[PDB]
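Following this message is one structure expressed as structure tokens.
Labels for the chains are A, B, C, D and E, by order of writing; each one numbers its residues from 1.
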């Protein structure tokens, strides 16, 4: 590429992976959201929480794709694997699954930053710090807070309703 | 009738039945609503939910009557039977009764649409699709959602209060 | 499902397929859009055209998922295959690919409608007619119009720039 | 200096160089802009593009000078060499020259960041990341996009007019 | 001091103590607030209640310091001891600790007023009555009210969530 400068093939490849990870995460949150919209689950606030996260992850992928092009790298898309479950259990089960997923994304970001540091790619490092690293930390904190409140509330049926009504 | 075109006597008759069904449903919801206004039941949100549905069903009947005249059919009214119960039990009992009633109306709509299809009456089919079929599906979904939440909440007294307060 | 009425397993399954088709189409348009954002392609209007279509297809999938739940069917997600190309050639090549894709979606909608008709499922038929069938026809017409204008313009470089500048 | 803390003489010196580089770049863009204002060149949009870049580079130098003082370093100004050409040829020639110049500035920024990293000077690293690194990447991307469009348009006279009219 | 009139060394010294008491109380409420911000405690309303009290106590200290100077006394600051606990247990445990702390401050105010009365220092007495005595009484009443409601609510997990959601 005529514009490419200080952008390693290793980072370019890792950015394409991370795009796949973010799209997979978006797809997982789509499945989570619609599960809580089932007539036999029916927790609207939980559905909305996860549908909003699907949008956020999709937007993350799009930001990574924009940055890939800005640096002169080439987007390469792969098959998106379906989410790990078809049914997600209770709000607690779902929130546990979500925090596992976010920590997996956070670790991928951290690995990419480490790669960027090893390749002396300060633009990549700043890009990650500006748009992803703090967003992941804040989100993981919020999920941790939710998990604690859900757990405190488990008369499990009543607790799950009250959390959806009064927190989400 | 000078305006009547492609409107079978079978459909005309079935439209008069459906009007009776919708009026009966309106009357049932009137009884449900006022039961929840009793001083010894006293669930205002439940009362309002059912009184609003009484209005909606009445409006459905009126739309069917307007369409009957637009097509050149003749309204024929019959006795309206009283609702199936005088007392409706808990919110859960009442919501179960309501979903049974809505499914009965939905089936009558579907039968009428099938009749219209067999009689090649596209105006009837569109009329049903525009004003009734989707409205029934959405309402039945909402009642299903409510039933699930009520069931999750059954410390039955506390649950019933919380549902009325925080959902209805 | 407590709400399920007149909703065949065949339609439920076909709705899940169609969701996969719409998500695949969204992913294809994401790849198309970002290809035209490459520094060595650099056609902003083409990029925006396809990114908007990615959003529209995603929204279609979401509407199908909402309807699935409203009817008491169960969402089942599958792997999403990657788009058919990594690089999309010229605006003309891309628009040809897009119209092929839209016709494939349109045919899937038509097949689903035929299935609904055979299963006497008027709610499905109306749902498709209200939110998808006319939208597909209008979009395919617009792409046809674009294809004709692109073709007329092929001094191919100059033509492609002018189309992006003055139409897109 | 009474305020100086963790600010190496190597960085201070490199900041003075970079100021000279940014001022030289501002001067180059001044020459580019006024060349396109010649009555025998007469491409107003190209002139404006380069005059705006002259302002941006001057502002970059001023930000570096402000930071130098904030850290307790001492500005040292050197002769500013005249631009590499007196006449800049076509829009394409000029845009090629501009991207070469921007890549040279970007490399100087990257070298300075590497120096800051080796000297453990996190304030310098953040300063560069906040105000320069992303700005260079975005600008180089935009020039790459322009180069591609100019090249596609080369009936060279007609192409150059159309680019100036419809992009710049 | 040129302005000092009717201001005993005993009162001046006791005012410096009280400043230390108010600052210690501010520090205690800072620790309480951030404990309830822990991901494994996660009671936002409780955190906010205590952070607001930290601000109020700090402001009390500042008012005492302003009055000290107005009277011609001399501020003398001492080490601020860390709060009595690192972890504060439940909302109930924390509210009990808070009311103990407020009663300790109230007693210090009362002692200071008694000192002022014995020293015939009416300005001090009015100062205390205007800005502190009623504020302490109102706050202690509110905490008592909260303690009663928390106690009534102890299904301890559910109670603690509901108090935070619906009172704080």
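The rule is short, and it goes like this: a residue touches a chain if its C-beta (ideal position, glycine included) is under 8 Å from a C-beta of that chain, and two chains touch if they have at least 3 such contacts.
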{"item": "Any chain that touches chain E and chain D", "value": "A"}
{"item": "Chain C and chain D, separation of their C-alpha mean positions in angstrom", "value": "43"}
{"item": "Averaged-CA centre spacing for the pair chain D and chain B, given as whole angstrom", "value": "71"}
{"item": "Geometric centre distance via CA averages, chain C-chain B, whole Å", "value": "37"}
{"item": "For chain A, residues contacting two or more additional chains", "value": "1-3, 39-40, 69, 72, 155, 158, 162, 166"}
{"item": "Which chain pairs touch, all of them", "value": "A-B, A-C, A-D, A-E, B-C, C-D"}
{"item": "Residues of chain B defined as touching chain C within the complex", "value": "99, 103, 106-107, 110, 113-114, 117, 125, 128-130, 133-134, 137-138, 140-141, 143-144, 147"}
{"item": "For the chain C and chain D complex, residues of the former touching the latter", "value": "39-42, 44, 155, 157-158, 160-162, 165-166"}
{"item": "Residues of chain A touching chain E in the complex", "value": "141, 144-146, 148-149, 151-155, 158-159, 162-163, 166-167"}
{"item": "For the chain A and chain D complex, residues of the former touching the latter", "value": "1-3, 5-6, 69-72, 120, 122-123, 125-127, 129"}
{"item": "Interfacial residue positions of chain A with respect to chain C in the complex", "value": "1-3, 23, 27, 30-31, 34-35, 37-40, 62, 65-66, 68-69, 72, 74-83, 86"}
